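A short write-up of the structure that comes next.
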Amino acid sequence: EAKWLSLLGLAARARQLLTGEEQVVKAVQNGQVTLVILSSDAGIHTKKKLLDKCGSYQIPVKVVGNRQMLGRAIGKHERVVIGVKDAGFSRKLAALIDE
């Protein structure tokens with residue numbers, strides 16, 4: 001019931017999210033993603049890969065929640081890697097997480 005979880009749900013409604021390690025990496029490289037959210041549960045190699053890649057592109061990465069909470073927020077069961085495709089959502093989600 002956090003504000004950022006609710007907002008993530010609206011982003012999903014608006015079809016402004018991508019999920020999956022490979023899909024999100026590709027989207028980052030194509031300049032289509034302005035924030036990456038990683039589950040705290042994500043494997044350390046997944047964490048490394050995203051943090052390395054997004055570091056190079058200067059895309060913020062947040063490590064938050066768990067895969068159950070993230071999946072639920074977007075009407076799915078479990079998700080570990082989420083890419084946000086809308087800059088406005090990206091800014092606001094980051095601010096909420098950083099608050």
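In what follows, residues are counted from 1 in the order of the sequence shown. Side-chain atoms are counted along with the backbone in the values below, which use heavy atoms only and exclude waters and symmetry mates.
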Task: Step-by-step salt bridge (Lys or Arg N to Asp or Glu O under 4.0 Å) determination, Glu99 to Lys92 - done: CA-CA 10 Å; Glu99 184 214 81; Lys92 189 61 156 189; over 6 Å; no
Open item on the list: Heavy-atom count check: over 12 atoms from other residues, nucleotides or ligands less than 6.0 Å from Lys49 NZ?
Closed with: yes
TODO: Apply the side chain to side chain contact (heavy atoms under 4.5 Å, CB included) test between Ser39 and each candidate in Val81, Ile82, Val63, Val80; give the one that qualifies.
DONE: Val80
TODO: Could you state whether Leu96 and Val84 fall into the same hydrophobic cluster, counting links through intermediate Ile, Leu, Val, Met, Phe, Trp or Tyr residues with side-chain heavy atoms under 4.5 angstrom apart?
DONE: yes
- [ ] Indicate, with yes or no, if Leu93 and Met69 share a hydrophobic cluster defined by side-chain heavy-atom contacts under 4.5 Å among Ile, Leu, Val, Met, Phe, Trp and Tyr.
- [x] yes
Donor-acceptor list for residues 2-21 side chains, cut-off 3.5 Å, not counting sequence neighbours:
unit_1	atom_1	unit_2	atom_2	d
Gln16	NE2	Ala14	O	3.1
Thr19	OG1	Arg79	NE	3.1
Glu21	OE1	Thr46	OG1	2.9

Open item on the list: Listing request: all salt bridge (charged side-chain N to carboxylate O under 4.0 Å, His left out) pairs with a residue in residues 60-73, at least two apart in sequence or in separate chains.
Closed with: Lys62-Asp98
Open item on the list: According to salt bridge (charged side-chain N to carboxylate O under 4.0 Å, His left out), does anything in residues 31-44 pair up with another residue at least two apart or in another chain? List the pairs.
Closed with: none
Considering only distance and modelled atom types, tabulate donor-acceptor pairs under 3.5 Å from the side chains of residues 24-37, sequence neighbours left out.
unit_1	atom_1	unit_2	atom_2	d
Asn30	ND2	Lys26	O	3.3
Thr34	OG1	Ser90	OG	2.8

Open item on the list: Applying side-chain hydrogen bond (donor to acceptor under 3.5 Å, both in side chains), can you list everything that pairs with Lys47, at least two apart in sequence or on another chain?
Closed with: none
Task: Under the side-chain hydrogen bond (donor to acceptor under 3.5 Å, both in side chains) test, residues paired with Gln58 that sit two or more places apart - done: none
Open item on the list: If you compare all heavy atoms of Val61 against all heavy atoms of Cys54, which two are closest, and at what distance to 0.1 Å?
Closed with: CG2-CB, 3.2 Å
